[PDB]
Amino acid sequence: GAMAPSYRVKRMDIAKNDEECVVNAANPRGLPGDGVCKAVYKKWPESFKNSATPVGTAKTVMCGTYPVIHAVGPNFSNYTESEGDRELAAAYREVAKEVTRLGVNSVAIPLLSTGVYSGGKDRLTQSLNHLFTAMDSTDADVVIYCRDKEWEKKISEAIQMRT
């Protein structure tokens, strides 16, 4: 575990992370995809061998010794708000199981279902609160990656508001 487990947020490409493992915002079919998934595919393409996994689950594939945790958030275009909310919470619980199993002291994590799986809605708070619900019982340092300047501010505020 980390001596004093923390949450941080950085606004940059998660492919450039400084953590012991990464969470991919994956699709269920293990395809290169778009956004974070495409960045992950470019950086760690070896980790897409048999990475397909259902919605609401996480599947870890090693790129060398570097773990890539493929977490499949729901596409809110396809799910009802109720069912999508349940699957989004479930994907994060599976990330927390994998982070724990791996014994890492840090993890880089994007906000699941906030980009092209958002169904055109702002899901920062929904996705971040499911992240916290799952990750709060873990002792890894968590570094959340985002690209938008206003999202960085809002994630940073949410982290600071609970310290």
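Just count from 1 along the sequence shown to find any residue number.
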Read off the CA B-factors in the entry, average them over 32-40 and over 98-106, and name the higher stretch.
-> 32-40
Mean CA B-factor: is it higher for 154-162 or for 4-12?
-> 154-162
Third of chain Cα B-factors occupied by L124 | middle
Should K59 be placed in the lowest, middle or highest third of its chain by the C-alpha B factor in the entry?
-> middle
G73: CA B-factor among chain residues, third -> lowest
Binned into thirds over the chain's modelled residues, the C-alpha B-factor of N27 lands in the lowest
Sorting the chain's modelled residues by C-alpha B-factor, tell me whether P67 ends up in the lowest, middle or highest third.
-> lowest
